[PDB]
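Shown here: input.pdb, PDB, C-alpha atoms and all ligand atoms.
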```
ATOM      1  CA  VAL V   3      18.678 -79.604  16.272
ATOM      2  CA  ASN V   4      15.715 -80.220  13.943
ATOM      3  CA  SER V   5      13.747 -83.278  12.827
ATOM      4  CA  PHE V   6      15.135 -83.488   9.280
ATOM      5  CA  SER V   7      16.768 -86.902   8.913
ATOM      6  CA  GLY V   8      18.991 -88.542   6.326
ATOM      7  CA  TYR V   9      20.214 -85.416   4.522
ATOM      8  CA  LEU V  10      23.577 -84.911   2.842
ATOM      9  CA  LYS V  11      25.127 -81.670   4.133
ATOM     10  CA  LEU V  12      26.267 -79.773   1.033
ATOM     11  CA  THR V  13      27.337 -76.536   2.764
ATOM     12  CA  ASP V  14      27.025 -74.767   6.107
ATOM     13  CA  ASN V  15      23.296 -74.208   5.454
ATOM     14  CA  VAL V  16      22.158 -76.377   2.487
ATOM     15  CA  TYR V  17      21.140 -80.037   2.860
ATOM     16  CA  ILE V  18      19.784 -82.515   0.284
ATOM     17  CA  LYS V  19      17.831 -85.790   0.347
ATOM     18  CA  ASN V  20      16.441 -88.146  -2.314
ATOM     19  CA  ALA V  21      12.749 -87.935  -1.415
ATOM     20  CA  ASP V  22       9.337 -86.715  -2.534
ATOM     21  CA  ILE V  23       8.851 -83.286  -0.946
ATOM     22  CA  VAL V  24       5.238 -84.279  -0.254
ATOM     23  CA  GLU V  25       6.355 -87.260   1.838
ATOM     24  CA  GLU V  26       9.041 -85.224   3.616
ATOM     25  CA  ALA V  27       6.401 -82.642   4.520
ATOM     26  CA  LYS V  28       3.971 -85.293   5.770
ATOM     27  CA  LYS V  29       6.681 -86.826   7.971
ATOM     28  CA  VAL V  30       8.348 -83.672   9.293
ATOM     29  CA  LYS V  31       5.485 -81.136   9.362
ATOM     30  CA  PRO V  32       8.016 -78.328   8.822
ATOM     31  CA  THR V  33       7.331 -74.727   9.692
ATOM     32  CA  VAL V  34       7.683 -73.870   5.983
ATOM     33  CA  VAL V  35       7.308 -76.020   2.873
ATOM     34  CA  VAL V  36       8.146 -74.291  -0.411
ATOM     35  CA  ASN V  37       5.876 -74.754  -3.422
ATOM     36  CA  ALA V  38       7.255 -74.403  -6.952
ATOM     37  CA  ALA V  39       4.406 -72.093  -7.912
ATOM     38  CA  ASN V  40       3.377 -70.176 -11.015
ATOM     39  CA  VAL V  41       2.131 -66.575 -11.071
ATOM     40  CA  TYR V  42      -1.559 -67.616 -11.066
ATOM     41  CA  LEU V  43      -1.146 -70.195  -8.274
ATOM     42  CA  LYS V  44      -2.684 -72.803 -10.589
ATOM     43  CA  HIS V  45      -1.305 -75.973  -9.003
ATOM     44  CA  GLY V  46      -1.790 -78.319 -11.922
ATOM     45  CA  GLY V  47       1.298 -80.512 -12.044
ATOM     46  CA  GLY V  48       4.848 -80.968 -10.868
ATOM     47  CA  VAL V  49       5.560 -80.152  -7.228
ATOM     48  CA  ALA V  50       2.554 -77.823  -7.114
ATOM     49  CA  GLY V  51       0.099 -80.399  -8.429
ATOM     50  CA  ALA V  52       1.470 -83.010  -6.026
ATOM     51  CA  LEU V  53       1.353 -80.733  -2.965
ATOM     52  CA  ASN V  54      -2.144 -79.559  -3.829
ATOM     53  CA  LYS V  55      -3.405 -83.124  -4.350
ATOM     54  CA  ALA V  56      -2.038 -84.026  -0.907
ATOM     55  CA  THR V  57      -4.174 -81.198   0.594
ATOM     56  CA  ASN V  58      -7.326 -82.578  -1.073
ATOM     57  CA  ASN V  59      -7.458 -79.369  -3.215
ATOM     58  CA  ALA V  60      -7.600 -77.081  -0.152
ATOM     59  CA  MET V  61      -4.385 -75.392  -1.323
ATOM     60  CA  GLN V  62      -6.044 -74.553  -4.658
ATOM     61  CA  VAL V  63      -9.204 -73.190  -2.993
ATOM     62  CA  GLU V  64      -7.129 -70.936  -0.731
ATOM     63  CA  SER V  65      -4.952 -69.885  -3.667
ATOM     64  CA  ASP V  66      -7.929 -68.915  -5.834
ATOM     65  CA  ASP V  67      -9.157 -66.591  -3.090
ATOM     66  CA  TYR V  68      -5.647 -65.117  -2.768
ATOM     67  CA  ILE V  69      -5.485 -64.355  -6.505
ATOM     68  CA  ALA V  70      -9.025 -62.958  -6.580
ATOM     69  CA  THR V  71      -7.993 -60.471  -3.869
ATOM     70  CA  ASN V  72      -4.386 -59.686  -4.804
ATOM     71  CA  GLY V  73      -3.845 -60.540  -8.468
ATOM     72  CA  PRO V  74      -0.978 -62.640  -9.806
ATOM     73  CA  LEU V  75       2.448 -62.916  -8.267
ATOM     74  CA  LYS V  76       5.588 -61.699 -10.031
ATOM     75  CA  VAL V  77       8.069 -64.124 -11.553
ATOM     76  CA  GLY V  78      10.737 -64.228  -8.851
ATOM     77  CA  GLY V  79       8.160 -63.381  -6.175
ATOM     78  CA  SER V  80       6.361 -65.284  -3.446
ATOM     79  CA  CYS V  81       3.521 -65.316  -0.971
ATOM     80  CA  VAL V  82       2.982 -67.086   2.353
ATOM     81  CA  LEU V  83      -0.204 -69.145   2.622
ATOM     82  CA  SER V  84      -1.336 -72.025   4.807
ATOM     83  CA  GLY V  85       0.596 -75.273   4.842
ATOM     84  CA  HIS V  86      -2.682 -77.165   5.385
ATOM     85  CA  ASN V  87      -1.970 -80.748   6.533
ATOM     86  CA  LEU V  88       1.629 -80.623   5.260
ATOM     87  CA  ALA V  89       3.349 -77.785   7.154
ATOM     88  CA  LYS V  90       2.515 -74.731   9.209
ATOM     89  CA  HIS V  91       3.021 -72.460   6.187
ATOM     90  CA  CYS V  92       3.525 -72.864   2.467
ATOM     91  CA  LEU V  93       5.851 -70.360   0.800
ATOM     92  CA  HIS V  94       4.681 -70.251  -2.831
ATOM     93  CA  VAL V  95       7.738 -69.179  -4.858
ATOM     94  CA  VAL V  96       7.660 -68.468  -8.593
ATOM     95  CA  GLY V  97      10.848 -69.444 -10.368
ATOM     96  CA  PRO V  98      11.159 -68.604 -14.063
ATOM     97  CA  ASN V  99       9.666 -71.134 -16.463
ATOM     98  CA  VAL V 100      12.286 -71.562 -19.177
ATOM     99  CA  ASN V 101       9.816 -73.243 -21.535
ATOM    100  CA  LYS V 102       7.960 -69.898 -21.561
ATOM    101  CA  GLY V 103      11.199 -68.010 -22.245
ATOM    102  CA  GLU V 104      11.288 -66.319 -18.841
ATOM    103  CA  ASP V 105      14.584 -64.784 -17.739
ATOM    104  CA  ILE V 106      16.699 -67.370 -15.925
ATOM    105  CA  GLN V 107      18.409 -64.567 -13.981
ATOM    106  CA  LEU V 108      15.116 -64.297 -12.083
ATOM    107  CA  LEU V 109      16.029 -67.611 -10.426
ATOM    108  CA  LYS V 110      18.283 -65.777  -7.962
ATOM    109  CA  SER V 111      15.440 -63.399  -7.064
ATOM    110  CA  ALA V 112      13.186 -66.425  -6.530
ATOM    111  CA  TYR V 113      15.642 -68.046  -4.106
ATOM    112  CA  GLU V 114      16.057 -64.762  -2.189
ATOM    113  CA  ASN V 115      12.540 -65.308  -0.836
ATOM    114  CA  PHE V 116      13.892 -68.246   1.180
ATOM    115  CA  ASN V 117      16.023 -65.854   3.275
ATOM    116  CA  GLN V 118      12.885 -64.564   5.013
ATOM    117  CA  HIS V 119      12.519 -67.961   6.770
ATOM    118  CA  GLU V 120      15.004 -69.487   9.191
ATOM    119  CA  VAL V 121      14.381 -73.105   8.088
ATOM    120  CA  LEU V 122      12.592 -74.475   5.005
ATOM    121  CA  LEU V 123      11.808 -77.728   3.228
ATOM    122  CA  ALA V 124      12.109 -76.915  -0.456
ATOM    123  CA  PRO V 125      12.227 -78.274  -4.012
ATOM    124  CA  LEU V 126      14.666 -77.245  -6.728
ATOM    125  CA  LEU V 127      13.097 -74.124  -8.216
ATOM    126  CA  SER V 128      12.776 -73.895 -12.015
ATOM    127  CA  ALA V 129      13.763 -77.585 -12.401
ATOM    128  CA  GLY V 130      11.566 -80.382 -13.725
ATOM    129  CA  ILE V 131       8.637 -79.222 -15.847
ATOM    130  CA  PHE V 132       9.800 -75.603 -15.412
ATOM    131  CA  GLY V 133      12.554 -76.442 -17.896
ATOM    132  CA  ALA V 134      15.771 -75.078 -16.351
ATOM    133  CA  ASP V 135      19.057 -76.897 -15.679
ATOM    134  CA  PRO V 136      18.798 -78.495 -12.203
ATOM    135  CA  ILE V 137      22.564 -78.373 -11.627
ATOM    136  CA  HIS V 138      22.304 -74.628 -12.153
ATOM    137  CA  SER V 139      19.310 -74.358  -9.820
ATOM    138  CA  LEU V 140      21.251 -76.076  -7.030
ATOM    139  CA  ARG V 141      24.217 -73.757  -7.607
ATOM    140  CA  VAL V 142      22.009 -70.650  -7.412
ATOM    141  CA  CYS V 143      20.379 -72.015  -4.257
ATOM    142  CA  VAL V 144      23.717 -72.560  -2.517
ATOM    143  CA  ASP V 145      25.009 -69.137  -3.605
ATOM    144  CA  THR V 146      21.811 -67.247  -2.650
ATOM    145  CA  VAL V 147      20.091 -68.858   0.329
ATOM    146  CA  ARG V 148      21.697 -68.119   3.696
ATOM    147  CA  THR V 149      19.010 -69.652   5.910
ATOM    148  CA  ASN V 150      18.773 -73.402   6.535
ATOM    149  CA  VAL V 151      17.309 -75.161   3.505
ATOM    150  CA  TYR V 152      16.486 -78.866   3.223
ATOM    151  CA  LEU V 153      16.128 -79.785  -0.450
ATOM    152  CA  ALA V 154      14.032 -82.849  -1.273
ATOM    153  CA  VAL V 155      14.644 -84.245  -4.773
ATOM    154  CA  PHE V 156      12.219 -86.949  -5.918
ATOM    155  CA  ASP V 157      14.004 -88.338  -8.990
ATOM    156  CA  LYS V 158      16.780 -90.694  -7.891
ATOM    157  CA  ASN V 159      18.809 -90.418 -11.089
ATOM    158  CA  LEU V 160      18.641 -86.635 -10.758
ATOM    159  CA  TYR V 161      19.612 -86.742  -7.079
ATOM    160  CA  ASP V 162      22.598 -88.947  -7.923
ATOM    161  CA  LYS V 163      23.551 -86.579 -10.744
ATOM    162  CA  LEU V 164      23.235 -83.575  -8.422
ATOM    163  CA  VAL V 165      25.411 -85.091  -5.693
ATOM    164  CA  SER V 166      28.091 -86.401  -8.050
ATOM    165  CA  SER V 167      28.476 -83.045  -9.834
ATOM    166  CA  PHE V 168      28.325 -80.725  -6.817
ATOM    167  CA  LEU V 169      31.178 -78.260  -6.434
TER     168      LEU V 169
HETATM  169  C1  LIG V 201      11.392 -79.940  -8.311
HETATM  170  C2  LIG V 201      11.612 -81.378  -8.758
HETATM  171  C3  LIG V 201      11.927 -81.443 -10.250
HETATM  172  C4  LIG V 201      12.751 -82.651 -10.668
HETATM  173  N1  LIG V 201      11.927 -83.855 -10.556
HETATM  174  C5  LIG V 201      10.860 -84.214 -11.496
HETATM  175  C6  LIG V 201      10.268 -85.430 -10.815
HETATM  176  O1  LIG V 201      11.127 -85.707  -9.679
HETATM  177  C7  LIG V 201      12.044 -84.730  -9.545
HETATM  178  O2  LIG V 201      12.817 -84.696  -8.617
HETATM  179  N2  LIG V 201      10.431 -82.188  -8.453
HETATM  180  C8  LIG V 201      10.154 -82.692  -7.231
HETATM  181  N3  LIG V 201      11.050 -82.523  -6.240
HETATM  182  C9  LIG V 201      10.730 -83.015  -5.038
HETATM  183  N4  LIG V 201       9.628 -83.672  -4.665
HETATM  184  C10 LIG V 201       8.760 -83.826  -5.674
HETATM  185  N5  LIG V 201       7.530 -84.422  -5.582
HETATM  186  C11 LIG V 201       6.913 -84.362  -6.819
HETATM  187  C12 LIG V 201       7.766 -83.724  -7.689
HETATM  188 BR1  LIG V 201       7.400 -83.389  -9.504
HETATM  189  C13 LIG V 201       8.952 -83.375  -6.972
HETATM  190 CL    CL V 202       8.464 -81.104 -11.940
END
```

Can you present the structure in this file as structure tokens?
Ligand SMILES: C[C@H](CCN1CCOC1=O)Nc1ncnc2[nH]cc(Br)c12
Ligand SMILES: [Cl-]
Amino acid sequence: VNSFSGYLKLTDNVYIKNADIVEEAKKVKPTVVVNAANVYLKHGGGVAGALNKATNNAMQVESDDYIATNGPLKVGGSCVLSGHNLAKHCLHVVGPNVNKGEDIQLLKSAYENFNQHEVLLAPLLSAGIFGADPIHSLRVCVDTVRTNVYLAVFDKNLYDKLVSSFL
């Protein structure tokens, strides 16, 4: 039993809730919160901008040091950094940005990173300002992640659309 409350159980291991991931993280303090990152860990907007703002820019400061040492991530890749005041750890995962023409097949590779963690609070990768189809992102998540994933979706109309169309 875990502290996640109010989720709709989609499958044996995937759960969904209409909520801001930032608020879910503040309430639950999960072991792992997933950030919808880009390769440079420039947390300007979307989930990343919101998570970083909630850390008072500490996430960005840590991320800039990470990039200075290690260089950019790969599309489809990830790194584990601090969760600051939101979680124990933040798993920064880079889903393809469709608006930049990045290969959508890399979305499966992105979700594979979740399998390295037994339980995660996560957003829909490549959705929102990343430009991909959110129904597709949820499908890839369910068909790729085998560990226990709690998906927080902020937009209510999207959440309703995701539930009503789920197979
Ligand atoms: C990944 C999705 C994208 C779809 N969108 C756009 C606005 O609401 C949505 O659900 N974004 C989020 N998901 C969960 N919590 C969030 N907090 C802040 C945002 Br952005 C966010
Ligand atoms: Cl977004």

Discussion item. Set the distance at 7 Å and use only C-alpha atoms: which residues neighbour stretch 123-133 of chain V once local chain neighbours fewer than 5 positions away are removed? I'd like the list as a PyMOL selection string.
Written reply: chain V and resi 23+32+34-36+38+48+97-101+139-140+151-155

Discussion item. For residue V:87, find every residue with an atom within 9 Å (counting all atoms listed in the file), except residues of its own chain fewer than 5 positions away, and show them as an NGL selection string.
Written reply: :V and (27-28 or 31 or 56-57)

Worksheet item: Distance atom CA of residue V:96-atom CA of residue V:16, one decimal place?
Response: 19.9 Å

Fill in: Residue contacts of stretch 67-77 of chain V (10 Å, all atoms listed in the file) excluding same-chain residues fewer than 5 positions away, as JSON, numbers by chain
{"V": [39, 40, 41, 42, 43, 44, 62, 83, 94, 95, 96, 97, 98, 99, 104, 105, 108, 109, 111, 112]}

Discussion item. Since I can't run it myself right now, could you work out what the PyMOL selection byres (((chain V and resi 158-167) around 9) and not hetatm) selects here and report it as a PyMOL selection string?
Written reply: chain V and resi 10+12+18-21+136-137+140+154-157+168-169
